[PDB]
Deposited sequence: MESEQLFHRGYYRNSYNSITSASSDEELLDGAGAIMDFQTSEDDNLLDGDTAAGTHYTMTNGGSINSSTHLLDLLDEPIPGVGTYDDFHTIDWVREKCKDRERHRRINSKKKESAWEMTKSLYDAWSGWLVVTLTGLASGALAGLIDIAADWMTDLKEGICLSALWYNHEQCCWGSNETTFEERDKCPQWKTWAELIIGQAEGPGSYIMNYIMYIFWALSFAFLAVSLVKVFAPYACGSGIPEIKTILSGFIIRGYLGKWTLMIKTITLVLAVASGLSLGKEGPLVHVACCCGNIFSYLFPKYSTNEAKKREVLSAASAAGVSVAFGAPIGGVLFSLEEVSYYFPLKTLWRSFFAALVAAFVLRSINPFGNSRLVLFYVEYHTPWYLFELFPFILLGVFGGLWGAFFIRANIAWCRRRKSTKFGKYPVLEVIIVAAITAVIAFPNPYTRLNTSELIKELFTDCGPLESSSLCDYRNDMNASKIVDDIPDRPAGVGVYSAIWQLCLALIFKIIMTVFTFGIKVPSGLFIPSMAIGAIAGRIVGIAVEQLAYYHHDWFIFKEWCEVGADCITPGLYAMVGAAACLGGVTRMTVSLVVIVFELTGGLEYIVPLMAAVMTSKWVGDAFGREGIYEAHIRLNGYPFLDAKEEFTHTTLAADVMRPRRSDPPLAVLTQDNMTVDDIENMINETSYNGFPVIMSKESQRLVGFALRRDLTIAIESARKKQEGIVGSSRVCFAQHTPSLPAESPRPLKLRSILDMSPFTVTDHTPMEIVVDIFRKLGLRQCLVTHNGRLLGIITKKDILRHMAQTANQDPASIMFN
């Protein structure tokens, strides 16, 4: 296959079985051959394990460097120059103003801090876009859409290579620390799959074949979601639901091992009940979640579809610099948009132990705008953590509203409340209303805290979010960005006449369909079997051909 060509799944199976026959022919001869056979099976298993280990280590390293640089934005701890703001306190911390001006508070100190924050955001974003564009342009974007296309038989050559992995890790640290409204969670699905591909080359079962490396990539997507959220079961379900549609009963256990290994290695790397009357707020958040998703999926796509039909497409670096400058300028004054979005999530998910509503509302509006304008620019811009932050801010605003309403009106028969729970519900609602996921997401949240008492709220909000978000288009953000890039991804009354062109190497087993066959049956054949091209005959006459491209063109 040449680049950007979908794979003939049947031939992948045939060559796999031919290698099985070759190996098994000599397997029984000598003890070394049985050792080699066990070695091949355990080689599949070490591919899963190495993917898990590397994904965990890279997720941990990205987390550490992202935190350090995000805090470097606004100060430096003179004691040790390798601790962040919340690490050398564990006077010691001196922001840039007193480092230069010498004083703590005052108009001059504030202006100096503001300028330094803007400059550091600009410099980090500029480095991110520079490195990605110059060294590995395949490192931009969340990277899950093309992974779903790759697992669906597509070839993008350098999309999961060494250079894409290196530049995505570096520029994902830099883009997280630049303050852009993006994440390092989906990008970690892409980085986990980059590890999966890079390790598949080690062993001959997967380096030679394309079906087997698609299995390994399923496992790697599971591991990536695990490290992204720290939810091994959640990562397995995320691979199951969104990133793949081929699970031959094995690339579930292998996904689970990858996810568990990655979560454990991530952990190593570190140098109150709700009342029934709250479901109405919880469901409310769900609806908001849905709307968000819907809005986003339209708006963002429009923007991306506009970036390909105007000057922007030729100006990536200027775009990233401008977005980073606007983000930094409008983010600093507000003490909630200044914080790392992950730090804002940790702050908004926790319980306390009018200004808050105003500042949270401003944070919400700013994040909603800047994620629409951010997701897509040429930096490793994930989409889990800013969707969670938008949802969490909305949830906490609703929780504070409930607190005030109950306190001022507790005489109501309804009440006769932990805002952290509202933040969790809103985050799950807004994360499932975009990506259009139902259960994997709820499971990720359940393992994100472990409490079983929040399954009803989370399930209710996530389901409502998906139901409301589907009313504006069934396809999610990661599939609506395939239908935009026009990849040949076959989504999982007409005949074969309507979709047939024309209007030692001889493949001796071409699967044929009669012209009178329903089209839906041919689509089903391609989906279940993954055929690349099927002849269409009339009474056994070499009459026409159908290819995935033809089916897709009919779909479009």
(request) Take the full deposited sequence, match it to the modelled residues, and report the stretches without C-alphas. (result) 1-84, 175-187, 369-382, 465-496, 560-568, 645-650, 662-752, 806-818
